[PDB]
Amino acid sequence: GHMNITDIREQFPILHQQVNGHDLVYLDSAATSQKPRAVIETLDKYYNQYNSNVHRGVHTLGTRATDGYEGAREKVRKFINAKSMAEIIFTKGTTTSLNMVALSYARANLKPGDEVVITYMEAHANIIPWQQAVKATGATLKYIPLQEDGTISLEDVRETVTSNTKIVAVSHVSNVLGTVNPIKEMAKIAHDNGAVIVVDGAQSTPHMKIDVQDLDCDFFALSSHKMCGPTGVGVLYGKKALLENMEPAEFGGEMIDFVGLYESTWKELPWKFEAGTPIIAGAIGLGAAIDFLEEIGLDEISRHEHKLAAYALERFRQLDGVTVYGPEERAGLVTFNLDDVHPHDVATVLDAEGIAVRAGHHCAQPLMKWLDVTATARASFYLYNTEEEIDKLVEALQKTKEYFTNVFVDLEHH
């Protein structure tokens, strides 16, 4: 059935501590997520019982490690509904996956006159690799305009994407606006113009079901650390036909077939793109995180986050002098600012109340400029957060407004 948030919170040891004498209120899961005991104890069991290098088939522990690693690959394949494990590449994270597409696909498929089309809301991981690729190839970088609630219209996509567009790169979910972008429709638009579509799914994958066959995305990148999994591991999905034609981004052992003095041949997919000893423990722990989320149910997690987001938006609208950026329909996060209070001070005060949020530009400086701000604060939610924690957040924001206005008034009287 429905989620028992008490039972879920019980599985996350890190939630049960105090900060500055207050119960921890962790509202920074868009920066990184916390881990349940299932994931941590998966890492423990790996290092305690069957650590060895993989892909030798030589001794017992090595076989167990290989089975764990490749079984985690199959767990990922099922999780995003990829057709084949050949399309599932383990990487360092979303940033590396996107850079891999930029090196091995973009720089080999861009000529002067070609276009790479991104959006103003993209995180830096989905901007700078394309900047560098178009600079290296002499191609053109174009931006889809946002609308004025921070969403994307399909006509702006049709207008920006042309017959010279070879790549459209876009986030599934914005880590700043909470916008859920129309990825499937944009994929169909990109394909109609002869382009591939690259989906930054770092912020969607933890929170909603991903079906890359229904999305028909050509590439899809995700990060373990945002979805209850270990740090330092992510996934690049790519359509098998595209991955077959791309050259490796890294070279070394494990990704070879034959090595001569001057020339070498590569393994089949996916191992062609996995050079050196892989992220064995982290990948196995990501598989454990997938098992955990699937046991809870991603549709349940999405519904819980929709409830939290609607509650948070309503309660934020009860606060005077608070600006919220983005649309009403959104993922589980709220980026905001207090009138006449810098978000860094908001965040410092909140942490003094035990509440953890970010303040800054959230790796989206062009979006900050588009919002006509220099910095923002952001509270983000996930499957272990509650409406009570959102109450604490809005009460502490009212605290902060009153306190800074009172300090201002006391400095007037000087």
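Each residue number is its position in the shown sequence, starting from 1.
Between the stretches 50-58 and 33-41, it is 50-58 that shows the larger average CA temperature factor. Relative to its counterpart among 314-322 and 95-103, 314-322 has the higher mean temperature factor, C-alpha atoms as listed in the PDB entry.
In this entry, the residue among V76, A288, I144, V334 with the greatest C-alpha B factor is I144.
Considering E87, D211, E305, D149 together, the PDB entry gives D149 the largest C-alpha B factor. Among all modelled residues in this chain, the alpha-carbon of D372 has a temperature factor (C-alpha) in the highest third. In the PDB entry, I355 places in the middle third of its chain by CA B-factor.
The PDB entry assigns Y120 a C-alpha temperature factor belonging to the highest third of its chain's modelled residues. Per the PDB record, residue ranking by Cα B-factor puts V134 in the highest third of the chain.
The entry lists a Cα temperature factor for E329 that places it in the middle third of the chain's modelled residues.
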